[PDB]
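Below is one structure, written out as structure tokens, with a few remarks after it.
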Amino acid sequence: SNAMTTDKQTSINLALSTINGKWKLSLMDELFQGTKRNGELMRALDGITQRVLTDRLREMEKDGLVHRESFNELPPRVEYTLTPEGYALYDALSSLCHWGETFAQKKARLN
Amino acid sequence: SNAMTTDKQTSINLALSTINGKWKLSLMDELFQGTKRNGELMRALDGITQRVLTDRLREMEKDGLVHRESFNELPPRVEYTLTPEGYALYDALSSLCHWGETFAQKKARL
């Protein structure tokens, strides 16, 4: 928030720790396009195992980034989405991404 | 920009690498409100030596984050500010920071 009482380094670090784990950025990219079922994520993310996938989603749900909704259907259907904070972190990361893209292109141009 | 051709992971890591150097987040914070002289920065950052203050500022200038302005007056003086790129990276880190803050606060209430 840039509140003067907030230690910036500690809270940058804490924020990154929720999203820096293997697959998590890819997972977030998939959920940003829209609601996803387990099988869709299994297909979209090449070489991820179901054990790794559920582990990731569990951590991300815990951290408040991913919402898991179960539908009482025949058979039940489980939807994954980004939370509001999930979307907010997606946006912060896209801004950094945009920064690093511009910077890397300047380096290539002047090298 | 989330263009089809950009790897986001690599882009994020590159941005972070420019400010992960010790002191740099703090320098960038001191420069936000505007122009700073070497002595002001020295006094604001406890334990920084002139040597590493100059080393950081030089790296941040090379990375296009910091502008170094030389004034040719009596006597000459140098002033440091953030560039538009520097401000753009600062904004992006602030959004990240805000998120960690909300997260720690939520954790604290529980």
Side-chain angles (χ1 to χ4, degrees), chain A residues 1 8-73 75-105, chain B residues 1-20 88-89 91-110:
Chain A
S1 62
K8 190 168 268 183
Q9 178 78 257
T10 307
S11 65
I12 284 162
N13 285 350
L14 215 41
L16 290 166
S17 82
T18 71
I19 205 55
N20 63 8
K22 203 197 220 88
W23 295 107
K24 289 193 180 182
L25 188 72
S26 293
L27 248 15
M28 172 170 279
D29 275 344
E30 290 301 322
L31 299 181
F32 181 82
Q33 46 189 6
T35 192
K36 292 283 173 313
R37 320 213 294 129
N38 180 275
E40 316 193 81
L41 301 169
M42 282 299 297
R43 278 175 270 117
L45 303 175
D46 227 74
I48 201 170
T49 62
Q50 183 62 251
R51 202 168 280 163
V52 173
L53 182 59
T54 54
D55 182 75
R56 257 77 283 273
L57 295 161
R58 230 110 89 153
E59 292 197 355
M60 297 171 80
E61 183 183 19
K62 215 68 61 109
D63 289 345
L65 295 168
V66 163
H67 187 261
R68 200 189 99 122
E69 193 180 357
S70 188
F71 293 79
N72 272 334
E73 290 172 7
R77 173 179 56 103
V78 180
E79 271 191 20
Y80 299 95
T81 41
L82 293 178
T83 58
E85 296 301 336
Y87 282 110
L89 187 53
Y90 179 93
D91 288 348
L93 293 181
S94 292
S95 298
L96 282 187
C97 176
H98 196 323
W99 201 89
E101 183 188 78
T102 302
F103 180 72
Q105 280 162 36
Chain B
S1 64
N2 279 297
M4 294 173 285
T5 54
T6 286
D7 186 58
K8 186 182 279 175
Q9 191 178 349
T10 310
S11 310
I12 292 165
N13 288 340
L14 218 219
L16 295 166
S17 82
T18 75
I19 46 83
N20 109 98
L89 184 59
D91 290 347
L93 298 159
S94 296
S95 295
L96 224 214
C97 175
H98 191 159
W99 202 95
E101 184 195 85
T102 298
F103 179 75
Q105 312 272 16
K106 181 132 48 226
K107 175 164 178 176
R109 287 264 91 21
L110 262 60

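Below, chain A is the first sequence line, B the second, and so on; all start at residue 1.
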Practice item. May I ask you to decide whether A/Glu73 forms a salt bridge with A/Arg77, counting only side-chain N to carboxylate O separations under 4.0 Å? Key: yes
Any non-hydrogen side-chain atom of [X] less than 4.5 Å from a side-chain atom of [Y]?
X	Y	result
A/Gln33	A/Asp29	no
B/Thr10	B/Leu14	no
A/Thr81	A/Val66	no
A/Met28	A/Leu82	yes
A/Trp23	A/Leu53	no
A/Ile48	A/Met42	yes

Can you tell me how far the [atom1] atom of [X] sits from the [atom2] atom of [Y], to the nearest 0.5 Å?
X	Y	atom1	atom2	answer
A/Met60	A/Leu89	CE	CG	8.0 Å
A/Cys97	A/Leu25	SG	CG	8.5 Å
A/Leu57	A/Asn38	CG	CG	7.5 Å
A/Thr35	A/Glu69	OG1	CD	8.0 Å
B/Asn2	A/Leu93	CG	CG	10.0 Å
A/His98	A/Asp91	NE2	CG	12.5 Å

Check your understanding: Partners of A/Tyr80 by ring pair (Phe, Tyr, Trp, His ring centres under 6.0 Å), sequence neighbours excluded?
Key ->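 Expected list: none.
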I need the minimum non-hydrogen distance between [X] and [Y], along with the two atoms involved.
X	Y	answer
A/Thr83	A/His67	CG2-N, 3.9 Å
A/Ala92	B/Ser95	CB-CB, 3.6 Å
A/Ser70	A/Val78	OG-CG2, 4.1 Å

Review point. Could you go step by step and tell me if A/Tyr90 and A/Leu31 meet the side-chain contact (heavy atoms from CB on, under 4.5 Å) rule?
Key: CA-CA 10 Å; A/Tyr90 179 93; A/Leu31 299 181; over 6 Å; no
Check your understanding: Where the side chain of B/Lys8 meets the backbone of B/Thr6, is there a donor-acceptor pair that is under 3.5 Å apart?
Key ->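 It does not hold such a pair.
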Practice item. State whether the number of non-hydrogen atoms from other residues, nucleotides or ligands found under 6.0 Å of A/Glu85 atom CD is greater than 12. Key: yes
Point to revise | Step-by-step side-chain contact (heavy atoms from CB on, under 4.5 Å) determination, B/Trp99 to A/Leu65 | key: CA-CA 11 Å; B/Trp99 202 95; A/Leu65 295 168; 3.2 Å; yes
Practice item. Could you note down all residue pairs passing salt bridge (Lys or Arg N to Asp or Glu O under 4.0 Å) where residues 42-64 of chain A supplies at least one of them, sequence neighbours left out? Key: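 As it turns out, the salt bridge (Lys or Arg N to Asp or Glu O under 4.0 Å) pairs with a partner in residues 42-64 of chain A, which skip direct neighbours, are A/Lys24-A/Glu59, A/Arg56-A/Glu59.
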Practice item. Go through B/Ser11 and A/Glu101 one step at a time and tell me if the side chain to side chain donor-acceptor pair (under 3.5 Å) criterion holds. Key: CA-CA 6 Å; B/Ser11 310; A/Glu101 183 188 78; 5.7 Å; no
